[PDB]
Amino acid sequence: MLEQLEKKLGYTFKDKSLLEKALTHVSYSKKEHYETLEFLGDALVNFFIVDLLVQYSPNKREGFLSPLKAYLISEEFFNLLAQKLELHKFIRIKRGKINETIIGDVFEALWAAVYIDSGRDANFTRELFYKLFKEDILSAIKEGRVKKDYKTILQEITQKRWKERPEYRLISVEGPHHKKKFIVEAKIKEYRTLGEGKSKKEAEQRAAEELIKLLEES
């Protein structure tokens, strides 16, 4: 069933045991799993994306490119690129959902696989990667489909205005001990908002988005 991936990919392995290893979670083999390929793949793809950014972005200033990169090398973004490859259909895994973290790990492991299989031909792998995703990446940027970091955007707003940082405090924690929903207040001066999520961080991001919003209505 690797052949469907090999077509979506447009590459055929000279060693299918590499491709297999890259699609295989440890809960299906503690002998041959994506972990190591995931390590190389992260470095290899971060490089692809950054290289891409320096090529096409007119504003080449590190203060501009950086927060772009923080998004385009993120698990959240890798999962989107994986959707083009229907990556979840090829993942050797037993007990556990194929959640965003697994998908992203495989996506990293995959490109490591291609790289090594091509004989560590980074030039080839890079262009193959660009063949698949360059237009998708560049279009996300152009159309503003880049996830905003509201906590950082907020704090930079309030530090310029009041030389202070907002306060996030925990309001409630409810649900089964791994299906928890957090509710968090975010406050600056006397402006107060709420957020809810499945991590303390996620709820703080929501509240902070509301707070940015609230400060603009005023």
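C-alpha atoms forming the largest set that superposes within 1.5 Å between two forms make up the rigid core. For every residue, the number given is its place in the sequence shown, counted from 1.
Taken in 4 other deposited structures of this protein and fitted on the core, 83-91 and 138-146 differ in how far their Cα atoms move from the shown form, and the one that moves more is 138-146. Comparing 181-189 with 37-45 in 4 other deposited structures of this protein, after superposition on the rigid core, the stretch with the greater RMS C-alpha deviation is 181-189.
Here the stretch with the larger average CA B-factor, out of 136-144 and 91-99, is 91-99.
Look at the C-alpha B-factors of 38-46 and of 189-197. On average they run higher in 189-197.
Between the residues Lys69, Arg165, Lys151, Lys31, it is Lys31 that shows the highest Cα B-factor in the PDB record.
Sorting the modelled residues of the chain by their CA temperature factor places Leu9 in the highest third.
In the PDB entry, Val184 places in the middle third of its chain by CA B-factor.
Looking at the C-alpha B-factors along this chain, the one for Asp117 belongs to the middle third. The PDB entry assigns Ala208 a C-alpha temperature factor belonging to the lowest third of its chain's modelled residues.
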